[PDB]
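What follows is one structure encoded as structure tokens, with my remarks underneath.
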Amino acid sequence: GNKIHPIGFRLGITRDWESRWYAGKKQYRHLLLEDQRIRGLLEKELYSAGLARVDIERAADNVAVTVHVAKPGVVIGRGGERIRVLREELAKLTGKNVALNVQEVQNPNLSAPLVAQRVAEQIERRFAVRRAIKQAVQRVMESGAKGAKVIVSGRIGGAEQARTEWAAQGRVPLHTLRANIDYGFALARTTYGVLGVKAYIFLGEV
Amino acid sequence: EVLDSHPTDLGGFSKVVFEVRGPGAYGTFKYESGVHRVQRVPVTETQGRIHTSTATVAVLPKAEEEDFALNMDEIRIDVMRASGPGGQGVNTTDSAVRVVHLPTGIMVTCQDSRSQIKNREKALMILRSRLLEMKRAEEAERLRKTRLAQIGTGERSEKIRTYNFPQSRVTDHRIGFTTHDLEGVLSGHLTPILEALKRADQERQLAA
Amino acid sequence: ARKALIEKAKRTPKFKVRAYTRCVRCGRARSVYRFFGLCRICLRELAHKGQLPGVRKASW
RNA sequence: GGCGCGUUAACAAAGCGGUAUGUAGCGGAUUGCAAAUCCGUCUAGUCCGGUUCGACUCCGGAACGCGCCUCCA
RNA sequence: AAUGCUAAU
RNA sequence: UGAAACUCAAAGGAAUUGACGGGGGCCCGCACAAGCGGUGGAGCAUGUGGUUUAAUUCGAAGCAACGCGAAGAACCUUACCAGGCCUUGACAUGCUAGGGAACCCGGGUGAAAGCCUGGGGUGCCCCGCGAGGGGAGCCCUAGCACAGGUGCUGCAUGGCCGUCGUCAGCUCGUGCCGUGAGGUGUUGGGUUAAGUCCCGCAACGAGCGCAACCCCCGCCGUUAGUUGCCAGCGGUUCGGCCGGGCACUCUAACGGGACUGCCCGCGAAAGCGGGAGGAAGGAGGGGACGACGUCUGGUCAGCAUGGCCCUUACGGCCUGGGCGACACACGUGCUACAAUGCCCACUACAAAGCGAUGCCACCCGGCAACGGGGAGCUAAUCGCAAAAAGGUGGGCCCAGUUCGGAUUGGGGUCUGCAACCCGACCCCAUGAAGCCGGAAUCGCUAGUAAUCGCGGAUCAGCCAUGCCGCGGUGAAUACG
RNA sequence: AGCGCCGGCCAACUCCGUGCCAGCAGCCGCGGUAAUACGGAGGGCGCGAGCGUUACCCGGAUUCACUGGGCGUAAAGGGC
Ligand SMILES: [Mg+2]
Ligand SMILES: [Mg+2]
Ligand SMILES: [Mg+2]
Ligand SMILES: [Mg+2]
Ligand SMILES: [Mg+2]
Ligand SMILES: [Mg+2]
Ligand SMILES: [Mg+2]
Ligand SMILES: [Mg+2]
Ligand SMILES: [Mg+2]
Ligand SMILES: [Mg+2]
Ligand SMILES: [Mg+2]
Ligand SMILES: [Mg+2]
Ligand SMILES: [Mg+2]
Ligand SMILES: [Mg+2]
Ligand SMILES: [Mg+2]
Ligand SMILES: [Mg+2]
Ligand SMILES: [Mg+2]
Ligand SMILES: [Mg+2]
Ligand SMILES: [Mg+2]
Ligand SMILES: [Mg+2]
Ligand SMILES: [Mg+2]
Ligand SMILES: [Mg+2]
Ligand SMILES: [Mg+2]
Ligand SMILES: [Mg+2]
Ligand SMILES: [Mg+2]
Ligand SMILES: [Mg+2]
Ligand SMILES: [Mg+2]
Ligand SMILES: [Mg+2]
Ligand SMILES: [Mg+2]
Ligand SMILES: [Mg+2]
Ligand SMILES: [Mg+2]
Ligand SMILES: [Mg+2]
Ligand SMILES: [Mg+2]
Ligand SMILES: [Mg+2]
Ligand SMILES: [Mg+2]
Ligand SMILES: [Mg+2]
Ligand SMILES: [Mg+2]
Ligand SMILES: [Mg+2]
Ligand SMILES: [Mg+2]
Ligand SMILES: [Mg+2]
Ligand SMILES: [Mg+2]
Ligand SMILES: [Mg+2]
Ligand SMILES: [Mg+2]
Ligand SMILES: [Mg+2]
Ligand SMILES: [Mg+2]
Ligand SMILES: [Mg+2]
Ligand SMILES: [Mg+2]
Ligand SMILES: [Mg+2]
Ligand SMILES: [Mg+2]
Ligand SMILES: [Mg+2]
Ligand SMILES: [Mg+2]
Ligand SMILES: [Mg+2]
Ligand SMILES: [Mg+2]
Ligand SMILES: [Mg+2]
Ligand SMILES: [Mg+2]
Ligand SMILES: [Mg+2]
Ligand SMILES: [Mg+2]
Ligand SMILES: [Mg+2]
Ligand SMILES: [Mg+2]
Ligand SMILES: [Mg+2]
Ligand SMILES: [Mg+2]
Ligand SMILES: [Mg+2]
Ligand SMILES: [Mg+2]
Ligand SMILES: [Mg+2]
Ligand SMILES: [Mg+2]
Ligand SMILES: [Mg+2]
Ligand SMILES: [Mg+2]
Ligand SMILES: [Mg+2]
Ligand SMILES: [Mg+2]
Ligand SMILES: [Mg+2]
Ligand SMILES: [Mg+2]
Ligand SMILES: [Mg+2]
Ligand SMILES: [Mg+2]
Ligand SMILES: [Mg+2]
Ligand SMILES: [Mg+2]
Ligand SMILES: [Mg+2]
Ligand SMILES: [Mg+2]
Ligand SMILES: [Mg+2]
Ligand SMILES: [Mg+2]
Ligand SMILES: [Mg+2]
Ligand SMILES: [Mg+2]
Ligand SMILES: [Mg+2]
Ligand SMILES: [Zn+2]
């Protein structure tokens with residue numbers, strides 16, 4: 001065990017909570033279970049839409065839910081034909097009132113979860129790994145980021161012996177609290193096993 | 001009961017000989033003879049490699065301790081004059097004795113004393129010791145050949161059973177019998193393997 | 001015996017003393033916190049992702 | 001055959017009519033581990049019969065082992 | 001003053 | 001002077017980067033030394049080896065396994081054992097067919113599961129005062145696709161973690177040197193906790209690490225004053241109880257303050273020594289934070305996952321047992337061996353926490369555990385809650401003791417469907433070893449060690465002497 | 001219409017079976033439960049009335065160096 005979670009380290013300093021609500025000792029765990037159910041359901045719904053971040057916000061028997069995706073149209077659809085539907089089931093999955101919002105990501109290259117998901121998708125396609133890591137890091141650095149790092153671990157290329165390949169460019173100061181570092185993780189389920197993909201994007205210091 | 005033991009500093013045995021007493025001991029232990037192969041990471045291994053080692057097991061039937069006696073019906077005794085000094089005594093006395101074991105032709109001659117009786121007794125004693133030594137030598141040679149036929153050279157090949165620890169597998173190559181309870185087998189649960197071996201032995205006599 | 005154990009714990013027993021807590025995420029039966037309903041491993045995982053409201057790394 | 005001697009525990013080996021030792025073995029310490037070292041602990045008088053309050057010990061027998069003699073012809 | 005570490009990355 | 005048979009797929013030279021040395025130099029760390037308190041001996045608690053058992057489930061193995069996974073094993077947990085039971089299954093989608101279920105109270109046998117069972121009801125869209133038939137929330141029987149597996153492989157893996165090591169390092173771009181591996185930079189001098197900084201230099205710069213940015217403590221200020229507090233004032237049943245006030249303490253947000261900032265000396269400089277002021281002085285004290293990599297390190301039993309294996313059983317249910325065994329061996333602890341003590345009565349002084357199938361004031365009954373009434377408190381309001389060491393007074397008078405509290409007999413309380421295997425606590429009786437511990441071995445540099453009590457997670461109850469925290473009293477020593 | 005080969009040298013790759021066994025091998029080496037190296041199959045490469053193997057000679061071998069090598073430390077300066 002070596003490194004702390006980059007997001008967990010900076011909670012309340014640089015990063016913000018994904019779920020923002022108040023609950024007492026009696027209601028905390030049930031609302032938390034509902035939040036986990038909602039996030040799990042939406043994760044396998046908008047995968048092709050580029051789901052980066054899901055935010056759950058509750059006032060009083062009503063929950064906001066704001067999703068951040070690469071292609072809002074993939075979530076909304078023709079006249080909202082899907083946007084309403086994904087909402088309705090959500091209510092049937094929560095027994096409350098929901099206000100599902102869709103947000104576009106200005107730069108999909110600057111969102112570490114999206115970079116990691118893309119790299120994992122390429123790895124699943126039996127693509128070369130080292131080239132993918134180099135290309136993704138170069139793409140991130142081409143979008144104004146002050147630094148980027150991508151790490152892949154597992155049976156790279158189907159090999160019998162697991163390895164780790166990483167690439168980096170610029171600055172990744174993991175020990176600096178004021179640094180705004182976005183972290184992303186993804187899994188690649190290939191026929192020979194599971195590979196882990198990690199992405200760090202440095203966007204300057206606040 | 002343990003008859004002989006040569007332990008090692010790490011708690012192993014370079015050799016250990018013991019006895020199984022009971023009706024049918026040899027019949028039930030007769031399938032354990034041969035070379036046993038182990039594939040595992042040694043506790044003497046420093047880099048964590050897998051090694052392949054062997055141990056040899058020899059099974060023999062406990063023999064009998066029949067005493068040795070001379071049958072005088074196959075022994076010829078000659079008496080004659082001795083040689084050397086003594087004057088008229090040695091000229092005229094039949095003091096020298098020869099004993100001949102007729103089946104083998106082995107003879108022993110005694111002339112040590114002036115007395116025919118003592119010489120005869122000494123010659124018979126020496127002949128008995130010689131015949132007993134030959135009997136023991138031939139028995140030991142036969143037993144040595146049996147041991148060698150059982151254990152051979154102990155090489156990695158010619159093994160009779162393999163105990164794979166990483167795979168938790170036991171394989172008997174005589175009958176192709178593989179099981180996956182390695183801890184149970186090593187704790188003394190040899191009944192399935194032995195019943196399979198007895199099955200094979202009974203089936204091999206399917207004549208005609 | 002994992003899925004059946006989870007479902008059985010989710011079921012009502014004949015006696016009230018036969019009810020025991022399990023982790024609502026991975027099904028663990030040991031070290032399950034009442035406040036969250038989660039085991040220590042799942043609690044650490046979810047806290048590092050910012051998905052536990054108000055929960056932060058402690059240092060004093 | 002004559003005469004003399006001996007039999008002690010895991011081995012080698014002593015004194016004693018009333019009470020070993022050395023190296024081993026076993027438990028612990030030290031060492032990454034083994035050895036070496038250190039701290040503790042420990043298994044008996046060939047067998048039978050006597051004398052004696054009391055026998056490994058004194059006496060008689062038996063068995064086995066060892067040593068010397070067995071000459072005048 | 002202090003001996004040694006078989007044999008399959 | 002000088003062969004061969006046979007045998008090996010190399011044997012060699014120089015140089016490079018590492019590693020290592022009972023080589024050298026310069027440094028460092030509770031490494032030693034200087035000290036204080038322990039462990040190794042006793043009893044007991046607990047984890048492990050072994051042995052035993054039907055089973056005593058499984059994993060963890062030098063440091064870095066052994067009060068470890070386990071922040072709660074009577075049943076459950078539970079993965080093991082014995083017996084009795086079930087079969088598309090306790091959980092998930094789909095194709096059918098026969099019923100059409102859907103939801104609810106009763107009957108035999110059984111330890112229970114189970115098996116055989118006896119009485120009613122489906123919305124919705126229909127032709128519709130019709131017998132009725134149709135598509136539909138949903139269920140069962142007989143078939144399937146299948147579910148399920150704590151079954152094996154951490155030597156196929158992800159994720160997470162331990163460790164070297166909070167050690168001071170590990171590298172890169174371009175340039176230059178070398179046939180090349182590679183080197184330089186990064187070496188030398190001074191300095192630092194630090195590859196920290198300064199000077200010099202075929203290098204000039206940069207990145208990951210160091211430091212800083214974040215949290216707690218220590219001083220002060222602004223905003224506020226309830227459930228907090230009570231300096232001055234007036235009442236008072238003598239409690240801030242009231243009026244009243246935010247002075248003070250405190251509470252919680254925002255700020256300031258410390259930066260070698262000033263003076264003397266030393267030195268090219270970085271910096272080092274001394275002093276003033278200041279609550280705080282040279283990193284102020286303590287956390288969070290762990291580089292490239294190493295260890296075929298740990299975890300398929302938290303989860304996920306490749307392959308292999310089982311499929312009226314290696315799946316699932318119940319009852320009972322086991323994980324609590326016991327000639328022994330080891331680790332971590334608790335309680336002592338006493339007078340700087342033990343016992344008894346009265347009397348002070350904290351902090352951080354928890355509380356609605358809850359915390360429980362107070363009163364009554366029992367020696368007591370506790371029981372019966374019964375306020376207040378969803379809690380800066382009410383409760384847990386008594387703090388203990390301490391202070392005062394008395395008793396014990398060197399003893400196996402008014403030291404010590406193991407073991408056992410008996411009477412009880414409570415939790416739980418149920419305390420036999422195998423819970424905790426109260427009372428009576430019993431009153432073991434132990435007189436400071438062999439070779440040896442451990443922690444700790446200041447509010448530290450030592451010593452005293454308090455809270456919390458898990459949790460019906462608890463085998464907690466464990467773990468994570470909190471405050472009270474408060475040392476000795478460091479020459480080197 | 002057949003024969004050899006398909007790890008590198010060297011042209012031509014996947015699946016199954018096995019599990020330091022069976023076996024392959026000119027050298028280096030393969031095989032110990034996921035083998036492009038063993039065996040079979042599908043595919044491929046080279047030749048083709050032939051295709052391989054063994055034996056022997058020259059070449060590659062500047063490795064007896066005339067063309068065309070060396071002797072400080074690699075083998076090699078004789079004790080003078
Ligand atoms: Mg003559
Ligand atoms: Mg003569
Ligand atoms: Mg004669
Ligand atoms: Mg005569
Ligand atoms: Mg089972
Ligand atoms: Mg419970
Ligand atoms: Mg639980
Ligand atoms: Mg002897
Ligand atoms: Mg004696
Ligand atoms: Mg002795
Ligand atoms: Mg001894
Ligand atoms: Mg010993
Ligand atoms: Mg040693
Ligand atoms: Mg030893
Ligand atoms: Mg020793
Ligand atoms: Mg004479
Ligand atoms: Mg050595
Ligand atoms: Mg050596
Ligand atoms: Mg040796
Ligand atoms: Mg050595
Ligand atoms: Mg070694
Ligand atoms: Mg060696
Ligand atoms: Mg070696
Ligand atoms: Mg030769
Ligand atoms: Mg010391
Ligand atoms: Mg002690
Ligand atoms: Mg002890
Ligand atoms: Mg003790
Ligand atoms: Mg165990
Ligand atoms: Mg396992
Ligand atoms: Mg430890
Ligand atoms: Mg501990
Ligand atoms: Mg416990
Ligand atoms: Mg059960
Ligand atoms: Mg149980
Ligand atoms: Mg590993
Ligand atoms: Mg791992
Ligand atoms: Mg280092
Ligand atoms: Mg360079
Ligand atoms: Mg060059
Ligand atoms: Mg360096
Ligand atoms: Mg260098
Ligand atoms: Mg440091
Ligand atoms: Mg630096
Ligand atoms: Mg830092
Ligand atoms: Mg004020
Ligand atoms: Mg391993
Ligand atoms: Mg293991
Ligand atoms: Mg698994
Ligand atoms: Mg698996
Ligand atoms: Mg246990
Ligand atoms: Mg017990
Ligand atoms: Mg321990
Ligand atoms: Mg102890
Ligand atoms: Mg105690
Ligand atoms: Mg007493
Ligand atoms: Mg009980
Ligand atoms: Mg005593
Ligand atoms: Mg005393
Ligand atoms: Mg010790
Ligand atoms: Mg220190
Ligand atoms: Mg304890
Ligand atoms: Mg090719
Ligand atoms: Mg081959
Ligand atoms: Mg071939
Ligand atoms: Mg294969
Ligand atoms: Mg080939
Ligand atoms: Mg093939
Ligand atoms: Mg030519
Ligand atoms: Mg050539
Ligand atoms: Mg030539
Ligand atoms: Mg040539
Ligand atoms: Mg020439
Ligand atoms: Mg040459
Ligand atoms: Mg030369
Ligand atoms: Mg030369
Ligand atoms: Mg030489
Ligand atoms: Mg040469
Ligand atoms: Mg030479
Ligand atoms: Mg010369
Ligand atoms: Mg010479
Ligand atoms: Mg000369
Ligand atoms: Zn969990």
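Letters A, B, ... go to the chains of the structure tokens in the order shown; residues in each chain start at 1; ligands are counted from 1 in the same order.
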
Can you tell me which residues surround residue 3 in chain G at a distance of at most 8 Å, considering only C-alpha atoms (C1' of nucleotides), apart from same-chain residues fewer than 2 positions away, and format the answer as a PDB file with N, CA and C atoms (P, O5', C5', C4', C3', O3' and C1' of nucleotides), in the first residue's frame?
```
ATOM      1  P     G G  50      12.710 -36.295 -61.673  1.00  0.00           P
ATOM      2  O5'   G G  50      12.416 -35.001 -60.794  1.00  0.00           O
ATOM      3  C5'   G G  50      12.853 -34.910 -59.449  1.00  0.00           C
ATOM      4  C4'   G G  50      11.694 -34.798 -58.492  1.00  0.00           C
ATOM      5  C3'   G G  50      12.065 -34.405 -57.072  1.00  0.00           C
ATOM      6  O3'   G G  50      12.169 -33.001 -56.921  1.00  0.00           O
ATOM      7  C1'   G G  50      10.646 -36.294 -57.023  1.00  0.00           C
ATOM      8  P     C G  51      13.385 -32.356 -56.101  1.00  0.00           P
ATOM      9  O5'   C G  51      12.943 -32.522 -54.586  1.00  0.00           O
ATOM     10  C5'   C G  51      11.675 -32.071 -54.145  1.00  0.00           C
ATOM     11  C4'   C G  51      11.293 -32.715 -52.841  1.00  0.00           C
ATOM     12  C3'   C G  51      12.354 -32.685 -51.755  1.00  0.00           C
ATOM     13  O3'   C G  51      12.386 -31.447 -51.068  1.00  0.00           O
ATOM     14  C1'   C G  51      11.401 -34.853 -51.895  1.00  0.00           C
ATOM     15  P     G G  52      13.671 -31.029 -50.203  1.00  0.00           P
ATOM     16  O5'   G G  52      13.515 -31.867 -48.860  1.00  0.00           O
ATOM     17  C5'   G G  52      14.651 -32.352 -48.165  1.00  0.00           C
ATOM     18  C4'   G G  52      14.303 -33.550 -47.321  1.00  0.00           C
ATOM     19  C3'   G G  52      15.456 -34.172 -46.552  1.00  0.00           C
ATOM     20  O3'   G G  52      15.750 -33.481 -45.351  1.00  0.00           O
ATOM     21  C1'   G G  52      14.230 -35.871 -47.640  1.00  0.00           C
TER      22        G G  52
END
```

Could you give me, as a PDB file with C-alpha atoms (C1' of nucleotides), in the first residue's frame, every polymer residue with an atom at most 9 Å away from an atom of ligand 50, counting only C-alpha atoms (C1' of nucleotides) and all ligand atoms?
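result.pdb, written as the output of this step:
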```pdb
ATOM      1  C1'   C F 152      -8.946 -25.135  -6.736  1.00  0.00           C
ATOM      2  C1'   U F 153      -5.330 -21.695  -8.638  1.00  0.00           C
ATOM      3  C1'   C F 300      -9.724 -15.877  -5.435  1.00  0.00           C
ATOM      4  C1'   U F 305     -12.262 -11.398 -12.394  1.00  0.00           C
ATOM      5  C1'   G F 306      -9.287 -15.629 -16.624  1.00  0.00           C
ATOM      6  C1'   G F 307      -9.048 -20.688 -16.539  1.00  0.00           C
TER       7        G F 307
END
```

- prompt: Can you tell me how far CA of residue 38 in chain A sits from CA of residue 17 in chain A, in Å to one decimal?
  reply: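 A separation of 16.2 Å between them.
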
task: Would you list the residues that come within 10 Å of ligand 32? Count only C-alpha atoms (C1' of nucleotides) and all ligand atoms and give the answer as an MDAnalysis selection string.
output: chainID F and resid 67:68 332:333 466:467

- request: Give me, as a list in words, the contact residues of chain F against chain A at a cut-off of 10 Å, counting only C-alpha atoms (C1' of nucleotides).
  value: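 Going by the stated atoms only, the list reads residues 155, 156, 157, 158, 159, 160, 161, 162, 163, 206, 207, 208, 209, 212, 213, 214, 288, 289, 290, 304, 305, 306, 307 and 356 of chain F.
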
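Residues within 12 Å of residue 32 in chain D, counting only C-alpha atoms (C1' of nucleotides) and excluding same-chain residues fewer than 4 positions away, are residues 44 and 46 of chain B; 5 of chain E; 62 and 63 of chain F.
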
Writing out the chosen residues with N, CA, C and O atoms (P, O5', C5', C4', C3', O3' and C1' of nucleotides) as a PDB file, in the first residue's frame:
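Below is the file that was written, out.pdb:
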```
ATOM      1  N   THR B  44      13.728 -24.908   2.432  1.00  0.00           N
ATOM      2  CA  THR B  44      15.136 -24.582   2.241  1.00  0.00           C
ATOM      3  C   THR B  44      15.367 -23.695   1.029  1.00  0.00           C
ATOM      4  O   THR B  44      16.513 -23.329   0.756  1.00  0.00           O
ATOM      5  N   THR B  46      15.221 -20.232  -1.024  1.00  0.00           N
ATOM      6  CA  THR B  46      15.350 -18.823  -0.671  1.00  0.00           C
ATOM      7  C   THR B  46      14.690 -17.894  -1.682  1.00  0.00           C
ATOM      8  O   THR B  46      14.115 -16.873  -1.297  1.00  0.00           O
TER       9      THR B  46
ATOM     10  P     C E   5      28.303 -23.256   1.483  1.00  0.00           P
ATOM     11  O5'   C E   5      26.721 -23.238   1.674  1.00  0.00           O
ATOM     12  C5'   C E   5      25.979 -24.447   1.784  1.00  0.00           C
ATOM     13  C4'   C E   5      24.494 -24.194   1.891  1.00  0.00           C
ATOM     14  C3'   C E   5      23.880 -23.390   0.745  1.00  0.00           C
ATOM     15  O3'   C E   5      22.613 -23.938   0.385  1.00  0.00           O
ATOM     16  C1'   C E   5      23.449 -22.305   2.821  1.00  0.00           C
TER      17        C E   5
ATOM     18  P     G F  62       8.336 -15.855   7.020  1.00  0.00           P
ATOM     19  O5'   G F  62       8.557 -15.001   8.345  1.00  0.00           O
ATOM     20  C5'   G F  62       8.421 -15.588   9.630  1.00  0.00           C
ATOM     21  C4'   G F  62       9.334 -14.927  10.629  1.00  0.00           C
ATOM     22  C3'   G F  62       9.256 -13.410  10.688  1.00  0.00           C
ATOM     23  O3'   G F  62       8.214 -12.955  11.531  1.00  0.00           O
ATOM     24  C1'   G F  62      11.527 -14.115  10.618  1.00  0.00           C
ATOM     25  P     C F  63       7.464 -11.570  11.226  1.00  0.00           P
ATOM     26  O5'   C F  63       8.588 -10.461  11.422  1.00  0.00           O
ATOM     27  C5'   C F  63       9.108 -10.149  12.707  1.00  0.00           C
ATOM     28  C4'   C F  63      10.181  -9.094  12.614  1.00  0.00           C
ATOM     29  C3'   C F  63       9.768  -7.807  11.916  1.00  0.00           C
ATOM     30  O3'   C F  63       9.126  -6.903  12.801  1.00  0.00           O
ATOM     31  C1'   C F  63      11.888  -8.553  11.105  1.00  0.00           C
TER      32        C F  63
END
```

message: Could you list, as an NGL selection string, every residue within 9 Å of range 43-58 of chain D, counting only C-alpha atoms (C1' of nucleotides) and ignoring same-chain residues fewer than 3 positions away?
response: :D and (7-10 or 16-18 or 61-64)

field: Minimum-distance residue to residue 143 in chain A, chosen among A:203, A:156, A:99, A:114 (using only C-alpha atoms)
entry: A:203

query: Can I get the residues close to ligand 24 as an MDAnalysis selection string, where close means within 10 Å and we count only C-alpha atoms (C1' of nucleotides) and all ligand atoms?
result: chainID F and resid 6:8

message: At a cut-off of 8 Å around ligand 14, and using only C-alpha atoms (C1' of nucleotides) and all ligand atoms, what residues come up? Please write them as a PyMOL selection string.
response: (chain B and resi 9-10) or (chain D and resi 34)

field: Residue among B:136, B:81, B:21, B:51 lying closest to chain G, counting only C-alpha atoms (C1' of nucleotides)
entry: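 Nearest candidate to chain G out of B:136, B:81, B:21, B:51: B:51.
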
Nearby residues, ligand 66, 9 Å, only C-alpha atoms (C1' of nucleotides) and all ligand atoms, as JSON, numbers by chain: {"G": [16, 17, 18, 19, 33, 34, 35]}

Within 10 Å of ligand 61, counting only C-alpha atoms (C1' of nucleotides) and all ligand atoms, residues as a PDB file with C-alpha atoms (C1' of nucleotides), in the first residue's frame:
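Result file follows (pocket-v7.pdb):
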```pdb
ATOM      1  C1'   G F  29      18.742   6.518  13.958  1.00  0.00           C
ATOM      2  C1'   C F  30      16.229   4.920  21.651  1.00  0.00           C
ATOM      3  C1'   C F 444      10.851   5.081  26.120  1.00  0.00           C
ATOM      4  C1'   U F 445      14.411  11.704  25.213  1.00  0.00           C
TER       5        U F 445
END
```
